[PDB]
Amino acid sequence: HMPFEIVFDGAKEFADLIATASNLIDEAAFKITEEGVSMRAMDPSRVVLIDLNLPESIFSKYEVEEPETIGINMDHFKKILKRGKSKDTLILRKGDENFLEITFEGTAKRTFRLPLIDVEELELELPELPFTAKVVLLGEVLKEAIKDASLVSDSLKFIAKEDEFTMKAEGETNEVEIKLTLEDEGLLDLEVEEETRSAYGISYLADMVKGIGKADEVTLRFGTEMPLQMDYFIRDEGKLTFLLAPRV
């Protein structure tokens, strides 16, 4: 565990990224190499897989001597990261000691000391899955549909056809459909190999999109009775990815 210094401009954007990921997980092992920071984790129900990739190109300073792996209490990390202001600089620094030093530089110099726990890593791989449908769309639409489907049901059907993406949720007698064509604003891109249907639990969906903003582009990939893969991009270089198991 050699020392490193990592620096990020915009402490608030970082917090909101960490907060999204932390919605599902509680402890995570961050891999720090000379190429970037990568975190890969499942939530306790072993239904969501989170994968964070922050290449070194999104950091204003990235001094990493030797590749190591630190364990972080995600909720404690978030309580601290939430004190960052939008124009603050975030500095994550480790010395010889077994804690993390999180510093905010702006109107003052605020320094926290975050104790480094140990996390047991699972053999977690991001496999190449045969997704038959791909969908880029505004977070605004996505956040909307999960909130609207929550009014009716616990699960949300996704239905992708050559020219229309559709979410649908059926309750005791109440029903909601959201429908999107390339003629719509919310829909940026739609690639369907074959007509594709699948369903996913709103509870998990609500937590994955909770930290996404109305303005962001989200990519969806999914297949008939296959995982849902949702990802968006951080400073157009970092990537946050969720893999979500279906309802069967």
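Here, rigid core means the biggest group of C-alpha atoms that superpose within 1.5 Å across both forms. All residue numbers refer to positions in the sequence shown, first residue = 1.
J.: Taking RMS over all structures and residues, which stretch has CA atoms farther from the shown form in 6 other deposited structures of this protein, 124 to 132 or 140 to 148, after a rigid core fit?
T.: Of the two stretches, the larger average C-alpha offset in 6 other deposited structures of this protein falls on 124 to 132.
J.: Taking only the CA atoms, which stretch has the higher mean B-factor in the record, 70 to 78 or 115 to 123?
T.: Taking the mean B-factor of the alpha carbons in each, 115 to 123 is higher.
J.: Can you tell me whether 31 to 39 has a higher mean C-alpha B factor than 211 to 219 in this record, or the other way round?
T.: The entry gives the higher C-alpha B-factor average to 211 to 219.
J.: Out of 182, 49, 205, 52, which shows the largest CA B-factor listed in the entry?
T.: The listed residue with the largest C-alpha B-factor is 182.
J.: Lowest, middle or highest third: where is residue 175 by Cα B-factor in its chain?
T.: Highest third.
J.: Consider only the C-alpha atoms of the modelled residues in this chain, order them by B-factor as the entry records it, and name the third containing residue 96: lowest, middle or highest.
T.: Top third by C-alpha B-factor.
J.: Report the third (lowest, middle or highest) to which the CA temperature factor of residue 107 belongs, ranking only the modelled residues of the same chain.
T.: It belongs to the highest third of the chain when residues are ordered by C-alpha B-factor.
J.: Divide the modelled residues of the chain into thirds by Cα B-factor and specify which third, lowest, middle or highest, holds residue 191.
T.: Middle third.
J.: Among the chain's modelled residues, which third holds the C-alpha B-factor of residue 229?
T.: Residue 229: CA B-factor falls in the lowest third of its chain.
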